[PDB]
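For the sequence shown, the authors' numbering begins at 2 and goes up steadily by one.
In this text, a Cβ means the ideal position worked out from N, Cα and C, and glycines have one as well.
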Amino acid sequence: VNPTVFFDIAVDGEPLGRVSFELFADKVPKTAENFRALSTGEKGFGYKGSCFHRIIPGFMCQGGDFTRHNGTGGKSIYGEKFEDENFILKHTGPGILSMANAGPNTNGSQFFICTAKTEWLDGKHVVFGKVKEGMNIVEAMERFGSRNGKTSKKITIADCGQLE
């Protein structure tokens, strides 16, 4: 019953591959629904065409800033930044999907995909999903990041949506 969504990733406009995610709606429904709706575009805005603006090899890939494309923007489907739903799920290794934020109760649309175990984030960022298929595509994305997070090629969500 947990929704599945996909990203089709491109690198300087060239197709790279598809990453799919299981969203833990059974455990974090508000946070999963936000990401699901942004991935279908059904509210009139969302992740299609946006980029991964910060990628640190061995750490995480961060994206979801579809309004300012650099980490300063993005917005939820709720008309305002929303609360940390819970911290039930932990950052237990590669593939974990977790919300970026600006401190307690400031969730918008930015998210990151862990490429390692990042337990120091537990209790600070809401974990709400995990890569289901295509972890190898995230690993190929990671190689275009750098120590300070700047990417050497433009990584983009060329398409996205909900699978069934």
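Check, Outcome
"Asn149 to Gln163 span [Cα, whole Å]", "32 Å"
"Presumed contact (8 Å Cβ cut-off) between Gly135 and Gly18, rounded CB distance", "6 Å"
"Supposed close pair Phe145, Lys154 - CB separation, criterion 8 Å", "5 Å"
"Rounded C-alpha distance that separates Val29 from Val12", "31 Å"
"At least 3 beta-carbon pairs within less than 8 Å: the region 102 to 111 vs the region 66 to 78", "yes"
"Simplified DSSP state of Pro30, which is helix, strand or coil", "helix"
"Of the listed residues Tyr79, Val20, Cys62, nearest to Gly72 (C-alpha basis)", "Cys62"
"Distance between beta carbons of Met100 and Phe129, contact taken as under 8 Å", "7 Å"
"Extent of the continuous alpha helix (DSSP H) to which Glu143 belongs", "136 to 143"
"Sequence-distant residues of the same chain with beta carbon closer than 7 Å to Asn102, five excluded per side", "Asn108, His126"
"Through-space distance from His54 to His70, alpha-carbon basis", "7 Å"
"Spatial distance of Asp123 from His92 (CA atoms)", "6 Å"
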